[PDB]
Amino acid sequence: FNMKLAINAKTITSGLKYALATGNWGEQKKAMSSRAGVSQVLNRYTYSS
Amino acid sequence: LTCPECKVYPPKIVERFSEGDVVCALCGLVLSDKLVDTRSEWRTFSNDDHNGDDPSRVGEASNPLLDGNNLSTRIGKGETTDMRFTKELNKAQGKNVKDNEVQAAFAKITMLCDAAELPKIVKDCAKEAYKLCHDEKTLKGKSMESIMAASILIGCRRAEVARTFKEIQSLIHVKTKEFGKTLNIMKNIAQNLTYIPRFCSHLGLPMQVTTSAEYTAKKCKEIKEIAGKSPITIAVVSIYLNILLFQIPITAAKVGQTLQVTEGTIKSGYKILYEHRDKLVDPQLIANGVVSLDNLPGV
Amino acid sequence: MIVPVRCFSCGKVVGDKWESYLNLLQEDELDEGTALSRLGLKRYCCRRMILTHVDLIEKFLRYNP
Amino acid sequence: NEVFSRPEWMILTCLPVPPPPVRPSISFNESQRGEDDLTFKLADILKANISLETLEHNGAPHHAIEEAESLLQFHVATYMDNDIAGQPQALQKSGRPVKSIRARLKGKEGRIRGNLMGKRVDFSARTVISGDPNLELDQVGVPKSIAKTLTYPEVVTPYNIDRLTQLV
Amino acid sequence: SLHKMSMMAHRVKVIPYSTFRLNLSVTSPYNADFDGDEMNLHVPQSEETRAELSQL
Amino acid sequence: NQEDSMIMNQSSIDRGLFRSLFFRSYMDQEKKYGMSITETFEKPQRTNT
Amino acid sequence: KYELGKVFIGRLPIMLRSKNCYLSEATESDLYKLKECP
Amino acid sequence: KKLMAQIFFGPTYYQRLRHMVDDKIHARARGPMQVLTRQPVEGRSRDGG
RNA sequence: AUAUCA
Ligand SMILES: [Mg+2]
Ligand SMILES: [Zn+2]
Ligand SMILES: [Zn+2]
């Protein structure tokens, strides 16, 4: 029972990276209904913005 | 295209994309009027639309190099769906389905690269090396978990991703002599500097030590001081020389442990290099603590 | 960021007056309204130039290269 | 109607296959190639067909055939319409549902509402408007750049010939 | 464009600066203001089409 | 200045009133398409491109 | 029933200025050297 | 000449907004066409109609 | 797909 073969790191790593990036808060590249726009690019027009 | 009026051999023509025309740059004759935006047209195949609202999104991109041309959708749940018909139409796809299932050996390569911390360009070379040699009569009956373990070092040896064969022996599995012969029948169809970053990091040495070890090891080879010792040993030895020269030292036991070499062997290379320690170091190396060239162990 | 040379509305040079204004406040303790007026900034267009300036350059200088 | 629409013609026996114009392909860079959702959906129909043909030809296991028929039924059906009530949608790897033919005609932005009943056009121009007390009621101030882009095709005639030659 | 008056035929007047200038009294039919509104311009290509615009 | 328009002192504009800096950033990758095909950073020659 | 370490599992993105972020215990002059805006 | 009216005059804080005419202005007269429909492409960006 | 513009 080789440990490195057992636990797939990419599962949680890219699983969070997907949500945060795209914004479809759910698993994963097969998302719907998933809630899009949960994560979005921070407005940097003005400081108040 | 070539202008029908002029005809000069290097046919100088411009694509005035903005006016949607293709012009002959010499006479000015328009050679074509229908002109399409390839960027936006490609946006219809590979988009950001995963929901399904885009009316522009109407196709999908495929990879004819890796999976040939296998167009195939998947029966899945939609908005208004009974969980019954999904099962039946999927249980019906089971009777229509061997080699169209050996593509799950790509899932073996993908799960091995991600367990070996390997880039996206390496997987796609390992998957192309495996697709073009898994049904060969030249490989015949080699250990099927050692021919995909050999096609990962084939994909790494083109994508410039330093991975020793003993690094892939740790992943799976590998029988050494078995995946060493298989790494040659497919090939018909590392260096000192490679290890230095990782070994040093585990060692916990500074950039200064890494650079010097890296310089020494190269010089050792250039000098041909170590006739045929394995590069891993050379590197571990060089790391020993440089580190001992600097403040934060590391012992043979500790270097060997990281390099996965034995102290005796590191000793072997080290003593061979030591005689030309002076030539080996970077010129602006600063020996510190109390370790100058004269004082280095010499062991 | 960095004092405007010349008031936008009338174009009276205001570029020289900055340090002098900042000095009449620390060194002379003087209130803003007197310092401006001392410096001969009489029209409100000219007054607003110095009075409402934010010398961001000084923060910008705090970064190394 | 005995000529144009006999009821026997509602059940599909032969399938008209649309040409590439209706389902364009794009050849990017030798390892990237894009096919239209219809070309995908067709290939499934075909695969499901080729399968069921082999089953009938061979030893027909009755219940393993009708199992493969109602798969074919699905692919053909889902190709004309993917938004079917009760049935599962045919999905395309990325999780997105296949753009059926129905769905291309349907909405605003469909072929009807959005390519025929209204469409974008050439000899069009758009910019920020501003007022003018010095323009006459019936005129419109046109920016030089906009005038220099928009064109009128004028026929060379004795009346304009000289003028036209000058603008040329 | 909920009006026939939301699309009207005007005389060109080539001018400098990047905005479409309109007479103020023609504001109301279009329902325009100058708070950042944009407007569309279409050019007829035939003597026939031009007549349609100018005459109707 | 009728119907939400305004008049600006062209004299003031010259003196720096309301000017602004503008920075756009263009990006590009040198992508690797499988075992052989690789994009390149270079000045294309019009005869072989 | 008789009887006969620390593993990596993933990379979690950090929110800036949080406890785990480097910039949390950062002074004004610190941030400037780090080419961040205070 | 003096104005018969007296003008309400004084400083007021005015903001410069992201909408500038030159990033808006657009004109087309024959240009790129879509592949499927063979109709003018979309948006200022793409030199659409 | 989000944000936004009148
Ligand atoms: Mg308005
Ligand atoms: Zn020509
Ligand atoms: Zn002034």
# chains A, B, ... in the order shown; residues from 1 in each chain; ligands from 1
$ residues_near_ligand --ligand "ligand 3" --cutoff "6 Å" --atoms "only C-alpha atoms (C1' of nucleotides) and all ligand atoms" --output "list in words"
residues 7, 9, 10, 11, 12, 43, 45 and 46 of chain C
$ residues_around --residues "segment 36-46 of chain A" --least-positions-apart "2" --cutoff "7 Å" --atoms "only C-alpha atoms (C1' of nucleotides)" --output "PDB file with N, CA, C and O atoms (P, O5', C5', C4', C3', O3' and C1' of nucleotides), in the first residue's frame"
ATOM      1  N   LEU A  20     -12.050  28.824  -7.073  1.00  0.00           N
ATOM      2  CA  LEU A  20     -11.530  30.181  -6.911  1.00  0.00           C
ATOM      3  C   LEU A  20     -11.295  30.910  -8.221  1.00  0.00           C
ATOM      4  O   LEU A  20     -11.583  32.103  -8.337  1.00  0.00           O
ATOM      5  N   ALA A  21     -10.751  30.197  -9.200  1.00  0.00           N
ATOM      6  CA  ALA A  21     -10.511  30.787 -10.505  1.00  0.00           C
ATOM      7  C   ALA A  21     -11.839  31.101 -11.185  1.00  0.00           C
ATOM      8  O   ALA A  21     -12.309  32.244 -11.163  1.00  0.00           O
ATOM      9  N   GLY A  23     -15.152  30.361 -10.641  1.00  0.00           N
ATOM     10  CA  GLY A  23     -16.190  30.972  -9.840  1.00  0.00           C
ATOM     11  C   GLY A  23     -17.420  30.106  -9.684  1.00  0.00           C
ATOM     12  O   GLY A  23     -18.344  30.454  -8.944  1.00  0.00           O
ATOM     13  N   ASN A  24     -17.440  28.977 -10.382  1.00  0.00           N
ATOM     14  CA  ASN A  24     -18.486  27.980 -10.194  1.00  0.00           C
ATOM     15  C   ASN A  24     -18.236  27.149  -8.935  1.00  0.00           C
ATOM     16  O   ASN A  24     -17.477  26.181  -8.959  1.00  0.00           O
ATOM     17  N   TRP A  25     -18.566  27.652  -7.830  1.00  0.00           N
ATOM     18  CA  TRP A  25     -18.468  27.022  -6.517  1.00  0.00           C
ATOM     19  C   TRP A  25     -19.006  25.606  -6.398  1.00  0.00           C
ATOM     20  O   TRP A  25     -20.032  25.363  -5.757  1.00  0.00           O
ATOM     21  N   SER A  34     -24.005  25.073 -10.129  1.00  0.00           N
ATOM     22  CA  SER A  34     -22.838  25.288  -9.273  1.00  0.00           C
ATOM     23  C   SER A  34     -22.673  26.647  -8.596  1.00  0.00           C
ATOM     24  O   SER A  34     -21.861  26.739  -7.672  1.00  0.00           O
ATOM     25  N   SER A  48     -11.522  53.202  -3.315  1.00  0.00           N
ATOM     26  CA  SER A  48     -12.897  53.046  -2.816  1.00  0.00           C
ATOM     27  C   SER A  48     -13.607  51.884  -3.495  1.00  0.00           C
ATOM     28  O   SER A  48     -14.380  51.176  -2.851  1.00  0.00           O
ATOM     29  N   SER A  49     -13.353  51.712  -4.797  1.00  0.00           N
ATOM     30  CA  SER A  49     -13.908  50.650  -5.617  1.00  0.00           C
ATOM     31  C   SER A  49     -13.467  49.283  -5.078  1.00  0.00           C
ATOM     32  O   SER A  49     -14.293  48.363  -5.020  1.00  0.00           O
TER      33      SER A  49
ATOM     34  P     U I   2     -23.882  35.294 -14.952  1.00  0.00           P
ATOM     35  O5'   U I   2     -22.882  36.349 -14.297  1.00  0.00           O
ATOM     36  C5'   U I   2     -22.433  36.202 -12.957  1.00  0.00           C
ATOM     37  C4'   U I   2     -21.162  36.981 -12.709  1.00  0.00           C
ATOM     38  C3'   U I   2     -21.298  38.498 -12.681  1.00  0.00           C
ATOM     39  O3'   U I   2     -21.769  38.995 -11.437  1.00  0.00           O
ATOM     40  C1'   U I   2     -19.488  37.912 -14.072  1.00  0.00           C
TER      41        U I   2
END
$ residues_around --residues "residue 18 of chain C" --least-positions-apart "4" --cutoff "12 Å" --atoms "only C-alpha atoms (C1' of nucleotides)" --output "PyMOL selection string"
chain C and resi 2-6+13-14+22-25+35-36+39+41+47+49-55
$ write_last_selection --atoms "N, CA and C atoms" --output "CSV table (one decimal), in the first residue's frame"
chain,number,residue,atom,x,y,z
C,2,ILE,N,3.1,65.0,-6.5
C,2,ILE,CA,4.1,66.0,-6.9
C,2,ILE,C,3.4,67.4,-7.3
C,3,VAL,N,3.5,68.4,-6.5
C,3,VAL,CA,3.0,69.8,-6.6
C,3,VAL,C,2.8,70.2,-8.0
C,4,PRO,N,1.5,70.6,-8.4
C,4,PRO,CA,1.4,71.2,-9.8
C,4,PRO,C,2.1,72.6,-9.9
C,5,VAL,N,2.9,72.7,-11.0
C,5,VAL,CA,3.5,73.9,-11.5
C,5,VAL,C,2.3,74.6,-12.0
C,6,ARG,N,2.1,75.9,-11.7
C,6,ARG,CA,0.9,76.6,-12.3
C,6,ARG,C,-0.5,76.1,-11.9
C,13,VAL,N,2.3,80.4,-11.2
C,13,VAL,CA,3.2,79.3,-10.8
C,13,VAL,C,3.0,79.0,-9.3
C,14,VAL,N,2.9,77.7,-9.1
C,14,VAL,CA,2.6,77.3,-7.7
C,14,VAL,C,3.6,76.2,-7.4
C,22,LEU,N,4.9,74.1,3.3
C,22,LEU,CA,5.1,73.0,4.2
C,22,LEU,C,6.0,73.4,5.4
C,23,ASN,N,6.9,74.4,5.1
C,23,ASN,CA,7.8,75.0,6.1
C,23,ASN,C,7.1,76.0,7.0
C,24,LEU,N,6.3,76.9,6.5
C,24,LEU,CA,5.5,77.8,7.2
C,24,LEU,C,4.5,77.1,8.2
C,25,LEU,N,4.4,75.8,8.1
C,25,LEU,CA,3.5,75.0,8.9
C,25,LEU,C,4.2,74.3,10.0
C,35,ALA,N,-0.5,80.8,6.0
C,35,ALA,CA,0.6,80.3,5.2
C,35,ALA,C,0.3,80.6,3.7
C,36,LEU,N,-0.8,80.1,3.2
C,36,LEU,CA,-1.3,80.3,1.8
C,36,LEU,C,-1.2,81.7,1.5
C,39,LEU,N,2.2,83.4,1.3
C,39,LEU,CA,2.8,83.0,0.0
C,39,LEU,C,2.1,83.7,-1.2
C,41,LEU,N,-0.9,83.6,-2.3
C,41,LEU,CA,-2.0,82.8,-3.0
C,41,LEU,C,-3.3,83.4,-2.5
C,47,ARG,N,-5.4,79.0,-4.2
C,47,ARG,CA,-5.5,78.5,-2.8
C,47,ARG,C,-5.7,77.0,-2.8
C,49,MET,N,-5.2,74.8,-5.0
C,49,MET,CA,-4.1,74.0,-5.6
C,49,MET,C,-3.2,73.4,-4.5
C,50,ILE,N,-2.7,74.3,-3.6
C,50,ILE,CA,-1.8,73.9,-2.5
C,50,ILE,C,-2.6,73.3,-1.3
C,51,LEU,N,-3.6,73.9,-0.9
C,51,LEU,CA,-4.4,73.5,0.2
C,51,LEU,C,-4.9,72.1,0.1
C,52,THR,N,-5.3,71.7,-1.2
C,52,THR,CA,-5.9,70.4,-1.4
C,52,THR,C,-5.0,69.4,-2.1
C,53,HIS,N,-3.6,69.7,-2.2
C,53,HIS,CA,-2.7,68.8,-2.8
C,53,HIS,C,-2.3,67.6,-1.9
C,54,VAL,N,-2.1,66.4,-2.5
C,54,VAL,CA,-1.7,65.1,-1.9
C,54,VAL,C,-0.4,64.7,-2.6
C,55,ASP,N,0.7,65.0,-2.0
C,55,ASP,CA,2.1,64.7,-2.5
C,55,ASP,C,2.4,63.2,-2.5
$ closest_residue --among "E:53, E:32, E:8, E:26" --to "ligand 1" --atoms "only C-alpha atoms and all ligand atoms"
E:32
$ residues_near_ligand --ligand "ligand 1" --cutoff "9 Å" --atoms "only C-alpha atoms (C1' of nucleotides) and all ligand atoms" --output "ChimeraX atom specification"
/E:31-38 /F:3-4 /I:6
$ residues_near_ligand --ligand "ligand 2" --cutoff "7 Å" --atoms "only C-alpha atoms (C1' of nucleotides) and all ligand atoms" --output "list in words"
residues 3, 4, 5, 6, 7, 24, 25, 26, 27, 28 and 29 of chain B
$ interface_residues --of "chain B" --to "chain H" --cutoff "8 Å" --atoms "only C-alpha atoms" --output "PyMOL selection string"
chain B and resi 17-21+34-37+41
$ residues_around --residues "residue 8 of chain F" --least-positions-apart "3" --cutoff "12 Å" --atoms "only C-alpha atoms (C1' of nucleotides)" --output "VMD selection string"
(chain C and resid 8 to 9) or (chain F and resid 1 5 11 to 14 17 to 18) or (chain H and resid 14)
$ write_last_selection --atoms "N, CA, C and O atoms" --output "compact mmCIF listing (two decimals), in the first residue's frame"
# COMPACT_ATOMS: atom_id res chain seq x y z
N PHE C 8 -4.37 75.47 -12.15
CA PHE C 8 -5.14 75.13 -13.35
C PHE C 8 -5.97 76.30 -13.86
O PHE C 8 -5.84 76.63 -15.04
N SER C 9 -6.77 76.94 -12.98
CA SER C 9 -7.67 78.05 -13.34
C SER C 9 -7.05 79.34 -13.90
O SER C 9 -7.60 79.88 -14.87
N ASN F 1 -23.74 73.08 -22.82
CA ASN F 1 -23.83 72.41 -21.54
C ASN F 1 -25.29 71.91 -21.26
O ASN F 1 -25.61 71.45 -20.15
N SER F 5 -24.71 67.85 -20.58
CA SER F 5 -23.36 68.03 -21.10
C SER F 5 -22.70 69.17 -20.30
O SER F 5 -23.38 69.84 -19.53
N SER F 11 -7.98 75.92 -21.40
CA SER F 11 -6.80 76.50 -20.77
C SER F 11 -6.39 75.57 -19.56
O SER F 11 -5.30 75.00 -19.56
N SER F 12 -7.33 75.32 -18.62
CA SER F 12 -7.09 74.42 -17.47
C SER F 12 -6.64 73.03 -17.89
O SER F 12 -5.74 72.48 -17.25
N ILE F 13 -7.24 72.46 -18.96
CA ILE F 13 -6.90 71.11 -19.44
C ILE F 13 -5.41 71.02 -19.81
O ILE F 13 -4.74 70.02 -19.47
N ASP F 14 -4.89 72.09 -20.44
CA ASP F 14 -3.49 72.22 -20.82
C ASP F 14 -2.60 72.21 -19.60
O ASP F 14 -1.56 71.56 -19.63
N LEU F 17 -5.40 69.72 -15.80
CA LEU F 17 -6.69 69.43 -15.15
C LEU F 17 -7.30 68.18 -15.76
O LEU F 17 -7.49 68.10 -16.98
N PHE F 18 -7.54 67.18 -14.90
CA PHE F 18 -8.15 65.90 -15.25
C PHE F 18 -7.40 64.94 -16.14
O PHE F 18 -8.00 63.93 -16.52
N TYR H 14 -15.13 67.25 -8.57
CA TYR H 14 -15.58 66.52 -9.74
C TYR H 14 -14.70 65.31 -9.96
O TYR H 14 -13.50 65.34 -9.70
$ closest_atom_pairs --of "chain A" --to "chain D" --cutoff "9 Å" --atoms "only C-alpha atoms" --output "tab-separated table"
residue	atom	partner	partner_atom	distance
A:29	CA	D:94	CA	6.0
A:30	CA	D:95	CA	4.2
A:31	CA	D:95	CA	6.3
A:32	CA	D:95	CA	7.6
$ write_last_selection --atoms "C-alpha atoms" --output "PDB file, in the first residue's frame"
ATOM      1  CA  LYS A  29     -14.925  21.028 -14.653  1.00  0.00           C
ATOM      2  CA  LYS A  30     -18.438  19.261 -14.677  1.00  0.00           C
ATOM      3  CA  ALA A  31     -20.282  22.157 -12.915  1.00  0.00           C
ATOM      4  CA  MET A  32     -24.027  23.003 -13.163  1.00  0.00           C
TER       5      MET A  32
END
$ decode --residues "segment 36-135 of chain B" --atoms "C-alpha atoms" --output "compact mmCIF listing (two decimals), in the first residue's frame"
# COMPACT_ATOMS: atom_id res chain seq x y z
CA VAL B 36 -13.24 35.42 -40.88
CA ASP B 37 -12.00 36.14 -37.35
CA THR B 38 -10.09 33.01 -36.24
CA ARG B 39 -9.70 34.10 -32.61
CA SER B 40 -13.45 34.61 -32.05
CA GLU B 41 -14.21 31.58 -34.22
CA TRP B 42 -11.97 29.51 -31.94
CA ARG B 43 -13.87 31.02 -29.02
CA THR B 44 -16.86 28.97 -30.15
CA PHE B 45 -14.97 25.70 -29.58
CA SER B 46 -12.89 26.44 -26.47
CA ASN B 47 -14.79 28.96 -24.36
CA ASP B 48 -15.42 29.65 -20.66
CA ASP B 49 -19.03 28.48 -21.00
CA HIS B 50 -19.55 25.45 -18.74
CA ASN B 51 -23.08 26.38 -17.71
CA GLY B 52 -24.64 26.25 -21.18
CA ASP B 53 -26.10 29.71 -21.78
CA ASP B 54 -23.82 30.90 -24.59
CA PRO B 55 -25.50 30.65 -28.03
CA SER B 56 -22.07 31.28 -29.61
CA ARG B 57 -20.59 28.21 -27.89
CA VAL B 58 -21.65 25.45 -30.28
CA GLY B 59 -18.70 23.07 -30.57
CA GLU B 60 -15.87 21.49 -28.61
CA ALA B 61 -12.12 21.14 -29.07
CA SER B 62 -10.52 17.71 -29.33
CA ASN B 63 -7.00 16.26 -29.49
CA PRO B 64 -6.43 14.32 -32.75
CA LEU B 65 -2.79 13.66 -31.82
CA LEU B 66 -3.48 11.73 -28.62
CA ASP B 67 -6.94 10.14 -28.77
CA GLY B 68 -7.26 10.02 -32.57
CA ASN B 69 -10.75 11.04 -33.67
CA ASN B 70 -13.18 9.62 -31.11
CA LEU B 71 -16.20 11.90 -31.00
CA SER B 72 -18.51 10.80 -28.18
CA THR B 73 -20.91 12.56 -25.80
CA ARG B 74 -21.98 11.23 -22.38
CA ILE B 75 -25.49 10.50 -21.12
CA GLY B 76 -25.89 12.58 -17.97
CA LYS B 77 -28.35 14.35 -15.69
CA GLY B 78 -30.07 17.50 -16.95
CA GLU B 79 -32.53 19.94 -15.36
CA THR B 80 -35.68 17.88 -15.96
CA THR B 81 -34.36 14.35 -15.54
CA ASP B 82 -35.58 11.09 -14.10
CA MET B 83 -32.74 9.07 -12.51
CA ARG B 84 -34.18 5.98 -14.22
CA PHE B 85 -33.55 6.73 -17.92
CA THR B 86 -29.97 7.81 -17.14
CA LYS B 87 -29.25 4.37 -15.72
CA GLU B 88 -30.85 2.46 -18.60
CA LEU B 89 -29.16 4.48 -21.36
CA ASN B 90 -25.90 4.09 -19.47
CA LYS B 91 -26.41 0.36 -18.87
CA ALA B 92 -27.04 0.27 -22.63
CA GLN B 93 -23.64 1.84 -23.35
CA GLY B 94 -22.03 -1.03 -21.46
CA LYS B 95 -22.96 -3.67 -24.03
CA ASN B 96 -21.50 -1.55 -26.86
CA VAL B 97 -18.07 -1.21 -25.18
CA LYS B 98 -11.07 -3.46 -24.91
CA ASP B 99 -8.53 -1.00 -26.36
CA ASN B 100 -11.13 1.75 -26.00
CA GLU B 101 -10.69 1.00 -22.29
CA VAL B 102 -6.85 0.84 -22.23
CA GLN B 103 -7.11 4.63 -22.46
CA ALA B 104 -7.51 4.40 -18.68
CA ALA B 105 -3.76 3.74 -18.69
CA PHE B 106 -3.55 7.46 -19.45
CA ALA B 107 -5.23 7.83 -16.06
CA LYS B 108 -2.33 5.75 -14.73
CA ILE B 109 0.19 8.13 -16.27
CA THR B 110 -1.72 11.25 -15.14
CA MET B 111 -1.97 9.96 -11.56
CA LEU B 112 1.76 9.10 -11.61
CA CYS B 113 2.92 12.49 -12.85
CA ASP B 114 0.76 14.24 -10.23
CA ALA B 115 2.28 11.93 -7.62
CA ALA B 116 5.73 12.73 -9.00
CA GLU B 117 5.03 16.50 -9.26
CA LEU B 118 5.42 16.55 -13.06
CA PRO B 119 4.27 19.29 -15.51
CA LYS B 120 1.40 19.18 -18.01
CA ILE B 121 3.82 18.87 -20.94
CA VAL B 122 5.41 15.70 -19.54
CA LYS B 123 2.13 13.79 -19.19
CA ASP B 124 1.26 14.44 -22.84
CA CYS B 125 4.61 13.06 -23.98
CA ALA B 126 4.29 10.04 -21.69
CA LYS B 127 0.80 9.45 -23.09
CA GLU B 128 2.10 9.69 -26.68
CA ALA B 129 5.07 7.43 -25.93
CA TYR B 130 2.70 4.89 -24.40
CA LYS B 131 0.17 5.03 -27.27
CA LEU B 132 2.88 4.38 -29.87
CA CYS B 133 4.57 1.44 -28.10
CA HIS B 134 2.01 -0.48 -25.99
CA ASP B 135 0.85 -2.58 -28.95
